[PDB]
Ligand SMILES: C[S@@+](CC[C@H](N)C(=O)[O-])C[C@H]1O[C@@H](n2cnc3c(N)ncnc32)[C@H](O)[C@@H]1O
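A lone chain, given as structure tokens: the form deposited without the ligand.
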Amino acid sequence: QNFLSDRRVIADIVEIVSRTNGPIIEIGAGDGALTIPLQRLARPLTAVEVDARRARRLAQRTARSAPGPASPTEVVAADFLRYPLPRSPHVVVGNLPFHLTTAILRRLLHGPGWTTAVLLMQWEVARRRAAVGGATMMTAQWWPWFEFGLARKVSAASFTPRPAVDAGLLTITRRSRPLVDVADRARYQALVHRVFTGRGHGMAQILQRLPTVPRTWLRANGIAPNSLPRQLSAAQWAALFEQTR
């Protein structure tokens, strides 16, 4: 949709991806703005492009710049939302269509194997996922399993055609030691939803009006009674879940 035309952003993404290890899967491969540079990292690479005609053209481009038939990126003409991710370690890299960002993020967050994701998306979504100015409900809902980092802002002028809003480069890393067991994910995410939408002014007031916490719990866990849900850390949410489960 909005193809990346700024080579400096390509350099920045390749720099981040170069510090990771293992196979790479790229979403929204387009004409190969990131695929060709990632292929030069000499690691196994799969490039996913939903437009079959464009994917056929990309397969010719990757093959031409590859060492040769004996040594080789796999180009897949598929919708990433239907693409089965391997259960083995890999890194995901993508330039996401802005209207599909939340759906692709949910697909990845529920998916297996990937240890790092490097994703280009809307600046406002990337800021919220990385908890800039505080966490949002969706960020806190996934924090026991993943960490999020805002690598850089990317102007709408870095794409052709230009999108209506600016973009952000977001990194996501799968925690090797989850803070909450994956089997308790639904119950954990429901608790987070309940606190972010509960009535009351400050954590002390919100936790009193919920159907689940000792009077001494907040301050014992380093939480100011007037604090907002967006100010809690991942460890504090995991401790609240352990307390109310």
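Position 1 is the first residue in the sequence shown; the rest follow in order.
Same protein, other form: the form solved in complex with the ligand, not shown, and the subject of what follows.
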State the residue from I206, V48, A59, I36 whose non-hydrogen atoms include one within 4.5 Å of the ligand in the entry with it bound. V48
Whether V91 contacts the ligand in the entry with it bound should be assessed with a 4.5 Å heavy atom distance threshold; does it? no
Using the partner position in the entry with it bound, report whether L96 sits within 4.5 Å of the ligand, counting heavy atoms only. yes
Looking at the partner-bound form in the entry with it bound, is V132 within 4.5 Å of the ligand by any heavy atom? no
Is it the case that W143, even though its partner is missing from this view, gets within 4.5 Å of the ligand in the entry with it bound, heavy atoms only? no
The chain here is shown without the ligand. Which stretch in 146-154, 123-131, 74-82, 163-171 comes within 4.5 angstroms of it in the entry with it bound, by heavy atom distance? 74-82
Counting only non-hydrogen atoms and a 4.5 Å cut-off, give the residues of 1-31 close to the ligand in the entry with it bound. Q1, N2, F3, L4, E26, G28, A29, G30
